[PDB]
Structures are given as structure tokens and as C-alpha cells.
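The residues making up each chain are set out below.
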Amino acid sequence: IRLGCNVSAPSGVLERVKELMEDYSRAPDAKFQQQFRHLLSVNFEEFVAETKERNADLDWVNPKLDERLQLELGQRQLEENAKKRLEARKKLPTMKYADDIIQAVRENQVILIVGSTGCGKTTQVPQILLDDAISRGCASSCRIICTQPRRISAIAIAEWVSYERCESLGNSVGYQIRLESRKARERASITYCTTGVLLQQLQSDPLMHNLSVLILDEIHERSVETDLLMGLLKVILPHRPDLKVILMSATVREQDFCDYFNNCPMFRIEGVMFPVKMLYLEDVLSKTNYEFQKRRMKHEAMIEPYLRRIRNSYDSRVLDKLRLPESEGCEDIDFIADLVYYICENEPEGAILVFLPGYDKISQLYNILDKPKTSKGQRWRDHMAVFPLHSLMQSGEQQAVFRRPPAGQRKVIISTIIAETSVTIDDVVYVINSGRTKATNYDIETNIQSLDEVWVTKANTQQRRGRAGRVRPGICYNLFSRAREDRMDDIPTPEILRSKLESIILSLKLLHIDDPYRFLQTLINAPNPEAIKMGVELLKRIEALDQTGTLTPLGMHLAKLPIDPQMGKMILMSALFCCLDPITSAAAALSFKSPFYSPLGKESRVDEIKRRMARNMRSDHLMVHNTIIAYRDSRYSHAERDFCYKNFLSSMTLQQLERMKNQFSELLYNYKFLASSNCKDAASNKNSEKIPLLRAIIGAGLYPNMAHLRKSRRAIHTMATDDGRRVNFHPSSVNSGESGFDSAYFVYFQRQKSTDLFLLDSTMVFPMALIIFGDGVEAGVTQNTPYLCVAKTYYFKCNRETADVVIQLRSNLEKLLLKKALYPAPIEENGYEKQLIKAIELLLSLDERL
DNA sequence: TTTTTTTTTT
């Protein structure tokens, strides 16, 4: 027990908080209290019972619009422009099986279509059953949902199949993604949507009565959502015989899904392309004849049994060179430089997509490609058009990366794994695949997750292979030996095994599945129950579950919000404490991403501007809200895309960040926590310029994540989390390297690792804020000097009667919080509950340092 | 002194 700074408050100010809390304690309608107790009362069978008669709308169909529409395409499938595709999309592999697949679903509730890309499973399999449904006179019975892993896919596929039916978007074809939609007609419709839309909709339709048939696409990539989804239909389908499911997969361990539903009918469907042929690096340096210069027992246990088998098909110095390991992978960047320098002379016109693990090495091969020191490269410098591709760089949102190059120019793209699925570039005939990328890896023991460079898996090299295909024959240069391919895993660790489960075990209670261990162990891969429990314990600590593990009324509010519970709780507190707009900003950035790019060479000069937008508040999260305020003031000032370029920000990210804030705003007003659904509305923001208060609500979200700084000196810091480990601020964070902070304590959303240990994001907090909103407060005395602690961890001194008033104020803040969850209502500014709020504002305001 | 990547109703 070593003690810190002094939080005591003047006695004149405590006499005033004491009068407001005696005021609050003389206080003497709820549908929500009912719907909560209604849900704890009910078991799973009446749960299934009651929800049946609620969503009946697909029990009803409309004979005449059935009749009208089946004559309406039935007549004009012979007047001509449509049926140029009725002929032209039997081009694509899937429509050989149109009737084969129709019959299959008629006799099967769940089927599996395996196909590789270009077959058109998702383009058409939906329209085969709608045009079938319409043709038999079933039109209004039929409403089909087709789920996709990413947003842009859902839009593009919808907008493209829309246009194939000579309909504008919004008639028989639609898409719905979060906070953006073109909804199709309610019946005889095709709706594409992200996997997460349909899980949120499960809360109001747990047994999926509002769709006739569901199609789950790209399950082979094992997103959490699709794994969850087929997990919940083993519960859902028993009670819905007439619901039809169509699984859709690439051929990537296709038969896991076939085995997970009984042994399911499976449709294998043709690929479309020419080849893109594999060369491994024993083929690459057969042709490049490069050499290098500026663990080993296994490399050598791996390589030589296999060079003893390829002995005659290559020269002795090429098989000699599988034995330096830095041959394979990214270990030499001048090697890959000389391969792109190499493909430019030989091989016909075409694009080079180069896959490297991460952003550091996309820079170094960028620098080598545009600033070659070798006279062989200085030739090519200006006859290559070089694009960095990364989540954090601008080139992914412009149209240039997808373009054809200037005549006489050859386009080279140096990309992370983003180019495998997320981003698609159609003119690539050449892919160079390092085989190395980066992956989150966590150690449940240490509470460290680190970001480590890893080998890819077979499943990925085969899809980067495909990327070199779609326009004419490509070739795929993989920089590892074939001996290395046989040792990689089939597919990457499915994400549910590496995910925080806080949000899912909680949301699962709305579907009335209250044993996580029972249910989550029924998925294709069962999460480790120590993750399941480490999730249960975090929701018991923010008190979304009581200590029996049962949903509390605050938990039921947070399960409904589309954000992690920690941050859902932070949104709710910001409604009660009247800073709605700042805090939703923080919340929105943490569950999504920061608006800031970091283009190459501007690392130096994207960190000035993050600092100028922090306004010396040394809060990563309010720095984003400052940026957001700046972004609409550019939309009123109409300084528009000027503004977004000066400051290196994503037009598209801010569009979404601002749309989520109104989503949070709109649900809290629906939930009767706010009087206005406008998140900038005055009544919701009257504390929004009080910075000490905003860090208290920020700490109220990220608690218990805390760090302390003992160092003065840019500067170097000596810092520790509550975990005991020594930490520093990530360099991308704004609190990296400064000095003279007004508080020695910080809260953080995520701590992750390369070279040290880092906090990716932080806000300086004052000790008093943590006392009020945290836990682990006891009063006592250390030597003989009086103390008040937080988390039983950071012990600060305290006066005794500041102690009792905060302790009694935490007791009143807790019971107010519990009633506010049970009986949602906005706090009116003149009521009794508001004088408990004023009491906290006044205590927190003492930390404005003037 | 650093940056794998998705994504959430009415």
C-alpha cells in the first residue's frame, strides 16, 4: 500500500452535495418492468409458443397478387430485353441446376450449395426460387433473405441482380445493411443483408417467421455471425418445418457444414475462370535467378525430405536455395522487388497484386519500388503505378486502385490481406503471395493479446490465387516451398474461438438461451468455456447479470443496443448525465474505427493533427468527437472534401460514425431514456462541454482498464496497468510521448502488442472520477494517514468526511441507476433524481484545472 | 516510436 495524490474536497462543497443527496432521498408508468419480468418468468417452450402467434404475417398470403405477378412475369418472360439474360445467365454455372435445386429444397429443409466464385450461386439461387415461387402461383408466400459477410457485397449483389430483372432497386430485389437500405417489396422479394442484421432481427423474431427461405452465404470463412447462425438454427428449425435454409459455401472444407446438418444434400457447382497456375518459389527462382544479402532445424527437417523428391526437376543451385529460410516469406524485400521488376519485362500486360503481412512492410517494398537504389529498378520506377492497399490508407476508397493504368504503365498493388476478399480488383493477372500475414493471438493466462506475423493457410493462398484470375489467365507466385504448404492449416482459426464473448452470451438471453456453455459448445467449434466464463464475469461486473448469472434490467437494455455492453453502458450513462453527443462519439469510434488514415510518409504528419484536434485534452476518444464536430462544421461551412483531405480523414468513415450516433440516439429515445432522438439536442448535451465530467463517463465505460505514470522527462514514460505489467502509449495514440499531464491515471479500450506493451487508445482520468463510477472503494487508514481506494488497487489518501459523502453518494448513485433501468424515463432538470446528478457534477468539477 | 480484418432491426 503505497499512496498517491489528494482528492479531498472543500468542506463548503461537501456541505452542498450533502444537501442535494438529502434532497434526492425524500422522493416518494412501466411497461418495461413488465416485459422484463415476463421474460424471466417464461421457459423456452411457452417462449416458442407465444412468439409464434405474434409474427403470423407470413401465415397470410394474397391470392390475387399471387395471380397478378405470376401472370406478370409469366407473360413477359418472352418480350425482349430480359431473356437476353434468361438466355445469358444460363451462361453462369448455377442455372444448369435451377430445377435440380428447386426439387432439392422442396424435399429438403436445409441444403448446401458448394461452388467457387463466378458460378453465380448468390446472383441466381435466390432468383431461381422466387421465379419458381411466382411461376407456381405462390408469389406472396415467398420472401427470401440472403445473408452476406460484408456490407459492400450486399449492396453490389443487390444492385446487380436488381438490374438483371429490369427493375430498379427496391422492387423485387433489395438490400439491408446497418443504417442504409433499399428495401424490396414486402412479398415475392429478394433481400440481401449482412449476417449481423438478421441476428439483431432475431430478437424480435427468434424463430424467424417473417421469411420463407434463408440463404447463408460464405459460411466457409467462419465468421462469428454465420457460425452463430447455423448454431441457432439447430434450435430454430425443429419448430419451423416450413422454413427452408440454403447454405452457401466456397469449396473450403465444404463437408464440415454437410456433417453439421445431418449429412446434408450437397450441390457442387462449376467454377468459372481460366486457370491461374501455381508457382512455388522453387519455380520462382528457377525463373528469377536472384540472390540476397545486406527455427533452422525445422526449416531443414521440412525442406530436405522434399528436395530429395524434386531432385531432378530443378537445377542444383535452385534446390540449394530452398535452405535459406529467408528465401521463403517476406524476409527479403529486395527479392520481391526484383520479382515485380521481373514480371514487367516478361509476361503480357496485366496487374501485379502483391500480398505482404502488414503495413510496415508494405512501406519498405513501396520505398524500394519507387526509390530503387539498383540501376535495374531506377529504369522501371516511372513505368510502374504503385498502390499501397491497407485498411488505414486512402487508396482503398478511391476509384484509382480499381482503374486501368495509364497506357505504358503497369499497375503494382502492395496490399495486406484486405485484397483477398474485402477489396476486389479485376485486372490483376499476377499475384505474388508472400504467404505471410498478421493475426490477433491471445493468451488467456497473461491477459495479453499480441499482434504477431503468421503464415497464411491453404484456404487463403487458394483465394489469392483466384484473385489473379477473373479476366484472363493469371499466374500466382507463392514465395514458400511446397513443403511449407503441406504444413499450413486448412483454414484460419475460426473467429468465435478468438472473440470476446461478452456481447454474445448477453444477447443470447433475449433469445431465451441462458446457458452459454450448453449452447456455445454446440457450434462447429466450441469456444473455450474459460472464455465463456471470462465473459460471464465481465457482464456480472458491469452488472448486466446478477451474481446468479440472470439477466438484470440493465442487461436487457444492453443486449438490445448494437454495441459491446461496456460501451452500451457508457451510452446509457451519457443519457443520464447529459453529455450524449460527445460520449456517443467515443462509443461509436471504439466499436467501429477511428476516422484517421495513416498514408505512407505522413506518419510524421498525421500525428500533428491528431494532437491539434485533441486540444490538449489528452483523450484519444474526445479527439474523435472534436474531429466529428469539425466534420459537420465543414458540412455547414461547406468546406467539404477539402476538410477531409487536410486532416487525412475518411469521408466514408465519418458518414458512418455520425449515422451510428443517431442510431444510439434513436434507440435511447425509443427506450424512454431521452426526451429527444436528436443526439445534438440541447437537453441531452447540457454538460457536454464539461471535460472532467466526460472523462468520468468515459472511465465509466472502460473501467476497469487503468494505467498510472510515475515518470517525467519528447519523453519516456514508466507506466503500469492495474494488471501490474509495464506499459506505454501506442505511437498511433495521442498520449504517446507527452509530458506534464494533469492526472497520472488513464483508461483504455484495448491493450495489444508488438515491441513493448501498448495501450491503443487512452483518456487521462482524475482519481475522483474513478472513485465515483468504479468499484472496490473501501475507507480506512494506511499508516496513520487516511485513505480512500479504487478497485482495492490504487490507494489514494482521503479526508474522512469526503469519504463518507462519496461512499453515501455511490450508494445513492447505485440505487438510482437500478430504478432507472427498471423504469426508463428521462431525468427532468427540476426533479429529485437530477439533484443526485448535480451532486456528482459538482464533485467532478473540482478537477477542472484552471 | 506503430498500425491483421469484419461487423449490429422494426
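Residues numbered from 1 in each chain as written, not as in the entry; some residues may be left out. Chains lettered and ligands numbered in written order. Heavy atoms only, no water.

Method of determination, as annotated in the archive: X-ray crystallography, at 2.880 Å resolution.

## Let's talk about the protein's contact with DNA strand B
What counts here: Proximity is defined per residue: any heavy atom of the residue falling within 4 Å of a molecule or strand makes that residue near it. We define a polar contact as two N or O atoms separated by no more than 3.5 Å, with the added condition that, inside protein, one atom must be a possible hydrogen donor and the other a possible acceptor, whereas residues neighbouring each other in sequence contribute only through side-chain atom pairs.
Surrounding DNA strand B, one finds 43 residues, the nearest of these being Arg151, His390, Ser391, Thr416 and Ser754. Here DNA strand B approaches the protein such that, of its atoms within 4 Å, sugar and phosphate make up 53%. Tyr359 places a main-chain nitrogen or oxygen 2.8 Å from a phosphate oxygen of DNA strand B. The separation between a phosphate oxygen of DNA strand B and a polar side-chain atom of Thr755 is 3.2 Å.

## Examining the packing of helix α27 (residues 607-614) against helix α28 (residues 620-636)
Relative placement of two packed helices is described by the angle separating their axes and the distance separating the axes. Test applied: Note on geometry: axes are C-alpha line fits, over the in-contact stretch for helices, and angles between N-to-C directions span 0 to 180 degrees. Under the DSSP-based scheme used, a helix requires at least four consecutive residues in state H or I and a strand at least two consecutive residues in state E, with every element numbered from the N terminus. Any angle that falls under 35 degrees is termed roughly parallel, while one over 145 is termed roughly antiparallel, one within 65 to 115 roughly perpendicular, and all others oblique. When checking whether two residues touch, look at their non-hydrogen atoms; a contact exists if any pair is within 4.5 Å. Amino acids outside the nonpolar list (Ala, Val, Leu, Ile, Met, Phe, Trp, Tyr, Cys, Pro) and the charged list (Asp, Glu, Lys, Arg) are all regarded as polar, and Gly is one of them.
Viewed as axis vectors pointing N to C, α27 and α28 meet at an angle of 85 degrees, and their least axial separation amounts to 8 Å. Put simply, α27 runs roughly perpendicular to α28. Contact residues: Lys610, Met613 and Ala614 in α27; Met623, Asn626, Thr627 and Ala630 in α28. Here the residues of the contact of α27 with α28 sort into four nonpolar, two polar and one charged.

## Observations regarding the domain arrangement of chain A
Note the threshold: In this document the domain limits rely on a domain assignment from an automatic tool or a database. In this description, buried area is defined as the sum, over both parts, of the accessible area (probe of 1.4 Å) that is lost when the two are combined. Salt bridge, as used here: a side-chain nitrogen of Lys or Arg that lies within 4 Å of a carboxyl oxygen of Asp or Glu.
For chain A, the assigned domains read domain 1 (1-28 + 552-850), domain 2 (29-272), domain 3 (273-492) and domain 4 (493-551). The C-alpha-based centres of domain 3 and domain 4 are spaced at 39 Å. The partner domain 4 presents five residues to the eight residues of domain 3 that form the contact. Interface area for domain 3 against domain 4, summed over the two sides, is near 470 Å², with a carbon-plus-sulfur share of 47%. The interface formed by domain 3 and domain 4 holds zero salt bridges in total. There are one residue pair in polar contact connecting domain 3 and domain 4. Of the residues belonging to the side of domain 3 that touches domain 4, the class tally is five nonpolar, three polar and no charged.

## Regarding the pattern of salt bridges
Note the threshold: A simple rule labels every residue: compare its accessible area, found with a 1.4 Å probe on the protein chains alone, to the largest value its type can have, and call it buried under 20%, exposed over 50%, or partly exposed in between.
With the rule as written, the count across this model stands at 42 salt bridges. Close ionic contact of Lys411 with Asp427 constitutes a salt bridge, the shortest N to O distance being 2.8 Å. Highlighted residues: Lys411 in strand β12 (residues 410-415) and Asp427 in the loop between β12 and β13 (428-433), separated in sequence by 16 residues. Salt-bridge contacts for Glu841 lead to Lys690; the nearest nitrogen and oxygen are separated by 3.6 Å. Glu841 sits in the buried class, given a relative accessible area of 12%. Assessed through its relative accessible area of 32%, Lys690 is described here as partly exposed.

## What about the side chain of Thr94?
Of note, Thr94 is situated in the loop between α5 (84-88) and α6 (98-107). According to the relative accessible area criterion, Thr94 is buried, its value standing at 0%.

## Points about a nonpolar patch on the surface
Where we set the bar: Note that patches include only residues with greater than 30% relative accessible area and no salt bridge, and the join distances are 9 Å for like charges and 5 Å for nonpolar side chains (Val, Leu, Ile, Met, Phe, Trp, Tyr). A 1.4 Å probe and the Shrake-Rupley method give the accessible areas. Residues count as covered only by the protein chains that appear here.
On the surface, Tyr442, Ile444 and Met534 cluster together into a nonpolar patch covering about 240 Å² of accessible area. With respect to the helices and strands, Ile444 occurs in the loop between β14 (436-443) and β15 (448-455).

## Examining empty space enclosed by the protein
So the rule is basically this: Site definitions follow a grid-based scheme: protein atoms alone, a 1 Å grid, a 1.4 Å probe that fits but cannot get out for cavities, and for pockets an open set with protein on both sides within 12 Å along at least five of seven lines, plus lining residues having an atom within 4 Å of a point. Grid points are joined across faces, edges and corners, and a volume is the space filled by probe spheres set on the points.
The space that makes up the largest cavity amounts to roughly 80 Å³. As for the largest cavity, its lining consists of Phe44, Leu202, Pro206, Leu207, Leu232, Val235, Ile236, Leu511 and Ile513. In terms of residue count, the dominant contributor to the lining of the largest cavity is helix α10 (residues 224-236) (three residues).

## A closer look at the pairing of strand β6 (residues 213-216)
Convention followed: At least two DSSP bridges between two strands are needed for those strands to be called paired. Think of it like this: strands point away, you trace from the first strand over the helix to the second, and a clockwise trace means the crossover is right-handed.
The alternating pattern of β6 places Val213 and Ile215 and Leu214 and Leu216 on opposite faces, both of which are buried. Relative to strand β7 (residues 244-249), β6 runs parallel, the two sharing four bridges. By the bridge assignment for β7, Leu216 is matched with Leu247. In this view, the connection linking β6 to its parallel neighbour β7 by way of α10 has right-handed handedness.

## Focus on the sheet that holds β13
By way of backbone hydrogen bonds, the strands of a sheet pair with one another, either parallel or antiparallel. The strand order across the open sheet formed by six strands is β9-β16-β13-β10-β12-β11, and the pairing between neighbours is parallel. Unpaired on one side and paired on the other, β9 (276-279) and β11 (384-389) mark the two borders of the sheet. Taken over all neighbouring pairs, the strand axes of this sheet differ in orientation by 20 degrees on average, direction set aside. Bridge count for β13 against strand β16 (residues 474-478) is four bridges, and the pairing is parallel. Residue pairing across strands places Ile432 opposite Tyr477, the latter belonging to β16.

## Observations concerning unusual backbone geometry
Each neighbour pair has its own omega, and for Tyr703 with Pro704 the value is 0 degrees, a cis peptide bond. Along the polypeptide, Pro704 turns up in the loop between α31 (691-702) and β17 (706-709). Positive phi, normally seen in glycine, also occurs at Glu218, with a value near 60 degrees. Mapped onto the elements, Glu218 comes out in the loop between β6 and α10.

## Quick notes on the pairing of strand β8 (residues 266-269)
Burial along β8 is one-sided: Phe267 and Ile269 are buried, and none of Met266 and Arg268, which face the opposite way, are. The pairing of strand β1 (residues 110-115) with β8 spans four bridges and is classified as parallel. Paired with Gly115 across the two strands is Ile269, which belongs to β8.

## Here's the deal with the packing of aromatic side chains
Going by this rule: Stacked, tilted and edge-to-face are the three classes assigned to paired rings of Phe, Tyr and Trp, where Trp is represented by its six-membered ring and a pair needs centres within 6.5 Å; plane angles under 30 degrees give stacked, over 60 edge-to-face, the rest tilted.
Inspection of the entire model under this criterion finds 15 aromatic pairs. Considering the side-chain rings of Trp455 and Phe480, the 6.4 Å spacing of their centres and the 85 degrees angle between planes classify their relative orientation as edge-to-face. Residue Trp455 is found in strand β15, and its partner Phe480 is found in the loop between β16 and α19 (482-485); the two are separated by 25 residues along the sequence. Judged by its relative accessible area of 25%, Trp455 is partly exposed. Taken together, a centroid distance of 6.0 Å and an interplanar angle of 65 degrees make the contact between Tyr645 and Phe648 edge-to-face. On the basis of relative accessibility, which here comes to 53%, the residue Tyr645 falls in the exposed class. These aromatic residues form a ring-pair network of at least three members: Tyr280, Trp455 and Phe480.

## Some details on helix α33 (residues 800-822)
Quick reminder of the rule: For a helix, the expected span equals 1.5 Å multiplied by the number of residues minus one.
Its 23 residues give α33 an end-to-end C-alpha distance of 33 Å, which sits within 8% of 33 Å, the value for a rise of 1.5 Å per residue. Along α33, the residues that are buried comprise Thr802, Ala803, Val805, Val806, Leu809, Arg810, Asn812, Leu813, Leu816, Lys820, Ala821 and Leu822. Where α33 begins, the side chain of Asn799 points an oxygen toward the backbone nitrogen of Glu801, at a separation of 2.6 Å.

## Side note on a negative patch on the surface
Test applied: Positive: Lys, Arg. Negative: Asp, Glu. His and the chain ends are not part of the count. By convention, the point assigned to a charge is CZ for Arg, NZ for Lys, CD for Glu and CG for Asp.
Taken together, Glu45, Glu46, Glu50 and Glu53 make up a surface patch of like negative charges. With respect to the helices and strands, the residue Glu53 is situated in helix α3 (residues 44-54). Of the residues examined, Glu53 reaches a relative accessible area of 54% and is grouped as exposed.

## Concerning the layout of surface pockets
In this structure, the second largest pocket encloses a volume near 830 Å³. Taken together, 34 residues form the lining of the second largest pocket, with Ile542, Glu543, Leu554, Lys569 and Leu817 sitting closest to its centre. Going through the elements one at a time, α23 (529-541), α24 (553-560), α25 (565-576), α31, α32 (767-773) and α33 are the ones with two or more residues in the lining of the second largest pocket. Considering every element that reaches the lining of the second largest pocket, the biggest residue donor is α33, with nine residues. In the lining of the second largest pocket, the residues fall into 19 nonpolar, six polar and nine charged. If you count residues domain by domain, the lining of the second largest pocket takes at least three from each of domain 1 (1-28 + 552-850) and domain 4 (493-551).

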